[PDB]
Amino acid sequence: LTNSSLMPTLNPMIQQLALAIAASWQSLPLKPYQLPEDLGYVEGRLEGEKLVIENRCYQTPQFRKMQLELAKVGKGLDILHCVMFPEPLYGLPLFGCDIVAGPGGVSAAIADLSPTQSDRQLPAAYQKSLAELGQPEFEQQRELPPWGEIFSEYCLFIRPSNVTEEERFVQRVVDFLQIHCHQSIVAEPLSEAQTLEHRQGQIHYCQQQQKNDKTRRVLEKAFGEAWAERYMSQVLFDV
């Protein structure tokens, strides 16, 4: 991220989270994952503000696709997007987060380890480790939209009320990542039937994420409907 031209210009909480995700991934057995058209930097404008996106994407033997996206609309709107898609073979949940900020501060901060099992439960080891963290206190909880049924009971979705809350949220994401990295080492490869069940969970996650009109409208205002549909369905949430 020392290469990133966006990084210095993003909201501080976004910068801290980007750093924490990069630190988590840094020493993994990474290889690039080529996004469609080998996408890296992209920008677009139509009738309004310009949208700029830096797309980073990797894979490891355990993670089919690990994506970190940093974006800015004009000077008014900063976004961090991250998903780790695991190889269904290993039955790991989906780490994801999304942070949206403007000049007033962070408006939305979401993070989760989302289930892929048909029973919509996290694996037992994750349930146990996540419970041990204790329920965080946040002053300004937000209720997930209907498509958000995909998220676990541990999902965070807040407007951070102050710096203390910003730092508490980032630390909980660091904690989720530490659990996830550890559980990735200690799983326990699954049956062919179980592998299928997990693959299905991931497809469902992607289909539901594509119902988010908040993302879609930002993309559409800069690039148009067709571009946004391709980006959401082929670049971000590839089924």
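The numbering used is simple: start at 1 and walk along the sequence shown.
Two stretches are in play, 6 to 14 and 220 to 228, and the higher mean C-alpha B-factor belongs to 6 to 14. Stretches 180 to 188 and 22 to 30 differ in mean CA B factor, with 180 to 188 having the higher one. The residue among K72, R159, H81, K128 whose C-alpha atom has the highest B-factor in the PDB entry is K128. Between the residues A108, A111, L94, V163, the entry's highest C-alpha temperature factor is the one at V163. Among the modelled residues of its chain, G201 has a C-alpha B-factor that falls in the middle third, as given in the PDB entry.
In this PDB entry, the Cα temperature factor of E132 sits in the top third of its chain's modelled residues, the highest group. Among the modelled residues of its chain, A193 has a C-alpha B-factor that falls in the highest third according to the deposited record. For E149, the recorded CA temperature factor ranks within the middle third of the chain's modelled residues. Per the PDB record, residue ranking by Cα B-factor puts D98 in the lowest third of the chain.
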